[PDB]
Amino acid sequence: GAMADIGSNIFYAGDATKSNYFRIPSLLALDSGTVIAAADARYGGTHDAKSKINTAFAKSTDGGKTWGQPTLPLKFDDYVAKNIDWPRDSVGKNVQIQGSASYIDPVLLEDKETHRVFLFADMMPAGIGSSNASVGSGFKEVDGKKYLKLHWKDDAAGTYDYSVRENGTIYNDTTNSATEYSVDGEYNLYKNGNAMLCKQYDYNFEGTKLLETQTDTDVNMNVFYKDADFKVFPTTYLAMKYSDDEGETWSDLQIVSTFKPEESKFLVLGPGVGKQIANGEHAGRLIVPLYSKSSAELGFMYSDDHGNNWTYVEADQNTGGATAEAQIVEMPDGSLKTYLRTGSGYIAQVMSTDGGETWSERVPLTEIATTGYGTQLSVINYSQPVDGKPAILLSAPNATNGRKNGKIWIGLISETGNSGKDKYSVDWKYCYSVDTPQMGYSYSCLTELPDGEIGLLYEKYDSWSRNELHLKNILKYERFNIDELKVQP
């Protein structure tokens, strides 16, 4: 590493998370000027769920120069957290953990009006990922009210005759009566006040066979575990916790996806950051991007009451479930521009003028090359004029073959003198090269730091490639002043 690369790891193999791998960066400068970050702690190599993944978290007091020890605010204990070197061979490289619960794909958001920070992540029951989730919400309605549904072990497959109700009281819905079972605030199970338990799994390889085997370590039976007496419906959930103390402590787990459409296979987070509206009618609205295999592809969830309640909105009617990972910026009036990945070989743009309730048709973004499968991007507002215009920054790879050639772009915003969603034009005038064209570059998250420097946490390899799986120390942190970035190639 060069002098300039010292301090370019936040999460790394050997830190406190006990993970050898990390993916999916999230980076956010708070209003106070503290800076926080989050990423997947991918234990079982860099595979997506299904796997064993927890959400990692760290922060910087010194404006993002330096980072504290990492924490695990969203974590499951059904399989142990350990440092294991995943095989990289033609056969083994493909092997993933079949039986663990996971948190995956974080989003960080701050309510600046209340100084509350929210952490969201997809919540996967045991052995589930987006690809093998079932169709359904995971909740039932009982006398008009939504309750998380549960399968008792000795009931017929696909039979969910129970529900978590007030106080975590588990009810039998056939007779509508409380049982002796309940869940606590962690969704761990109890029988007549007594903690239920089960044996934690280990995983070790013998050659290219992955051996997932019980140990003699008791952990709390959780409804998200493979070996629980009561089990949630095996679809994708959204989880959130909040902190008022900049991530020093976290609130209780919230399964917020009560709005998951019954017709959807998965509904998951567009990783990166969310947005608080600063200007206009809907100023103060909190909004978080989502995408799904459902009635719609792109969606959002928003709160007009500082995080207590969340409303789901569909931005299109595509049923094909392409990976429409999005990030959102604000126009100076306060309308929203969203930039998103697609599976159609380009990055797309959409506008909303009603605070994200409705959205315009997708518009391709010509200026940036990408692959057919696409990659996640990061877009943000910059607080300062740039050549005397309001500006945004976008980070994304810039190649048609592979995830590589990452750029940071500066877009300059103009009024076109037209009306509505067309009020504004973005001029992508600057294009900064992060490394070289053949260097790998995948997911990324920008933030503007306190001093007005631009921070970047990114995947410095190609995370799609089947030949770059299970690499360590690929998650890189760099800082730039705004003049560095003003390049015109």
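In case it trips you up, residue 1 is the first one in the sequence shown, and so on.
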- request: Would you mind comparing 163 to 171 and 120 to 128 for me and telling me which has the higher average C-alpha temperature factor in the entry?
  value: 163 to 171
field: Selected stretch [higher average CA B-factor]: 47 to 55 or 449 to 457
entry: 449 to 457
- line: Highest CA B factor of 401, 342, 405, 295, as deposited, is found at 401
task: Please pick out which of 338, 251, 192, 134 has the largest Cα B-factor as recorded in the entry.
output: 192
statement: Quick tally, chain-level thirds of C-alpha B-factors: residue 75 sits in the middle
message: Split into thirds by Cα B-factor across the chain's modelled residues, where does residue 359 land: lowest, middle or highest?
response: middle
query: By its CA B factor, does residue 201 count among the lowest, middle or highest third of the modelled residues in the chain?
result: highest
field: Third of the chain, ranked by Cα B-factor, where residue 33 sits
entry: highest
message: Among the modelled residues of this chain, does the Cα B factor of residue 113 put it in the lowest, middle or highest third?
response: highest
